[PDB]
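Chemist: Input: one structure, supplied below.
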Amino acid sequence: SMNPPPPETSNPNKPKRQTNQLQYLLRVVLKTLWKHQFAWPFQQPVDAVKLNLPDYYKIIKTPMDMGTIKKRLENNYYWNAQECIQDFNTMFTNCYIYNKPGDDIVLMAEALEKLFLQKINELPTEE
Ligand SMILES: Cc1ccsc1CNc1cnn(C)c(=O)c1Cl
């Protein structure tokens, strides 16, 4: 079973903003997670072919990854911070739903999620 098309990172029909919260989401939140030692499995869409996960996209119908989020932030895809926060949460949720407690990938997601929560706890108020 092939990979699906990746999530959209460009859509000229979609209204966009550059906001201080979205800037924080790139400069602080994404940056922190991206540089982490456990970031690598999450830096691009799950390649179900290479990774021999033929049931992945049967189970996971809203795929998300930090490669996609990074592109969405750098290319100003979002209207608001909540959209981006939802993408991160979708990414973590997918990992927990597909895998089992104590799997390496789940421990990796937990570490990244801890940092995610720490950083969005201090999301600045809108300017
Ligand atoms: C590359 C790697 C590292 C530990 S397990 C694994 C392959 N499978 C993966 C990869 N990424 N993600 C997000 C998954 O949920 C699954 Cl199950």
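Chemist: What ranking do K35, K70, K16 get, fewest neighbouring Cβ atoms within 10 angstrom at the top?
Modeler: Exposure proxy ranking, most exposed first: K35, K16, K70.
Chemist: If each residue's Cβ is checked for other Cβ atoms within 10 Å, how do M108, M2, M64 rank with the fewest at the top?
Modeler: The most exposed by this proxy come first: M2, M108, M64.
Chemist: Evaluate the charge dipole of region 19-103 about its Cα centre and quote only its size in Debye, nearest 20, assuming +1 on the Cβ of each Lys and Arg and -1 on the Cβ of each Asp and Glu.
Modeler: Dipole magnitude for region 19-103 comes out near 140 debye.
Chemist: Hey, which of these cross-link pairs are over 19 Å Cα-Cα: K71/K100; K14/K35; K31/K61; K70/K119; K16/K71; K35/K119?
Modeler: Pairs exceeding the cut-off: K71/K100; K14/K35; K31/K61.
Chemist: Here's a follow-up. What percent does the relative contact order of region 19-123 come to when contacts are Cα pairs within less than 8 Å and at least six residues apart?
Modeler: 36
Chemist: Please report, in Å, the Rg and the Dmax of the chain, where both are computed over Cα atoms only.
Modeler: 14.7, 46
Backbone-built Cβ (ideal geometry, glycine too); neighbour counts: all protein chains shown. No value in this document is a laboratory result; all are computed from the given coordinates.
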